[PDB]
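Peer 1:
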Amino acid sequence: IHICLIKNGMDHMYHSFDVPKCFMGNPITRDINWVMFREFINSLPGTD
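Counting in the deposited numbering, the sequence shown runs from 2168 upward without gaps.
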């Protein structure tokens, strides 16, 4: 994924990647919504 982003000119965005605010419980407090992580990964549309 990193090298694909390097080719696509998105190095800065990759190094700016962080835990999404929707996943992260609150910006101030380090809390993780693990349930929604499982929901997202179970809903990940893999190619064949």
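Don't be surprised by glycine CBs; every beta carbon is placed ideally from N, CA and C.
1) At which residues does the alpha helix (DSSP H) containing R2197 begin and terminate?
2) I'd like to check one pair, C2189 with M2203: are the Cβ atoms closer than 9 Å?
3) When DSSP labels each residue in this structure, what does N2209 get in the three-state scheme?
4) Under the three-state reduction of DSSP, which class applies to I2173: helix, strand or coil?
5) Would you mind giving the Cβ-Cβ distance between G2192 and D2185, rounded to the nearest angstrom? I have them listed as a contact below 8 Å.
Peer 2: To lay it out plainly:
1) Segment: none, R2197 is in no alpha helix (DSSP H) and carries neither H nor E.
2) yes
3) helix
4) helix
5) Not a contact, Cβ separation roughly 14 Å.
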